[PDB]
Each structure stands twice: as C-alpha cells, then as structure tokens.
C-alpha cells in the first residue's frame, strides 16, 4: 500500500509517470511497462531465475541464444539466494522503494489483463513478480561484460579424466 502514480501517454505509447515518491514512481513504471511488455519481462525473468528448461524443455534457447539448460545452470549459479540477499541488503532505501513499486505495478497490470495488449495470457510462466526477480534481471545485465560472456564456458568446465 501507499502506492500511487499518475501516468500520461503521448504519441507512440510513451509513458510519463508522475509520483510523490520512489514507490509510487516504480508503481507507474511497472504498470506502464507491463501494458507493453508483460510477456517479454516474464520470459526474461524465467531466464534469470534459471527456469527455462522447467517451462520450455531442453531443446529451446533464451533470447540471448543460449541453450535452456546451460542458461539455467548459469543463472541459478549467478542468482543464488545468498547473492540476491547480499545484493538486496546493499540497496539504498530509495532503490528498494523503486523496485517494490515496480513489482507491485507490474503485478497490478497482470491482475487486470484481459489480453488487449498481452499475447501470453494464460501461460503458466506469466506470473506475479517479486523484487528478487528484478534483482535477478539486474545481475544478469551486470555481468553481460564479464562472466556472462563465458556462460557456456562455465557450464562446460569439468576436471580431466584418465586421458
């Protein structure tokens, strides 16, 4: 609660979010983004949670073109509970509030969606999100210039046998 936003859309569906605080601001952002891109965020959250193989099997790929199972191993490793907790604990009050608002705003859209702008309505992977999910996405981007470029290589790293 204590979440409120004023949203104006101009030409081409560009939102202009006005709020009195970070949680309200995040609320407006999450709602507006969900209207245009709920399915996209849901997919990328599945990726960052390492749940691609769970929903889609091992034959598919992520939008980064990694195989589902190797992608899942990498993201489960990257986004372990301990890492997410430490990340969360290091966040400023303002950032925590932005993220809390965002999750609530996205979830509000999901509750009310009738399919007008959402093609994945009814899919089991289109689900309410949590602030941890937003941290998973943040960390996925954080390592795009680092260990993320070696995701396949990390998965493939196994000690030698008797050769």
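Numbering follows the first chain given and starts at 1.
A.B. asks: Decide which of the stretches 120-128 and 93-101 has the higher mean C-alpha B-factor, going by the entry.
C.D. replies: Stretch with the higher mean C-alpha B-factor: 120-128.
A.B. asks: Looking at 50, 70, 57, 30, which has the highest Cα B-factor in the entry?
C.D. replies: Within the set 50, 70, 57, 30, 57 shows the top C-alpha B-factor.
A.B. asks: Grab the CA temperature factor for residue 136 from the record and place it in the lowest, middle or highest third of its chain.
C.D. replies: Lowest third.
A.B. asks: Among the modelled residues of its chain, does the C-alpha B-factor of residue 46 lie in the lowest, middle or highest third?
C.D. replies: For residue 46, the deposited C-alpha B-factor lands in the lowest third.
A.B. asks: Rank-wise, by C-alpha B-factor, drop residue 143 into the lowest, middle or highest third of its chain.
C.D. replies: Within its chain, residue 143 is a lowest-third residue by C-alpha B-factor, going by the deposited values.
A.B. asks: According to the PDB entry, is the CA B factor of residue 40 in the bottom, middle or top third of its chain, that is, lowest, middle or highest?
C.D. replies: For residue 40, whose C-alpha B-factor we compare with every modelled residue in the chain, the answer is the lowest third.
A.B. asks: Would you please rank residue 34 by its C-alpha temperature factor against the other modelled residues of its chain and give the third it falls in: lowest, middle or highest?
C.D. replies: Ranked within chain, residue 34 CA B lands in the lowest tercile.
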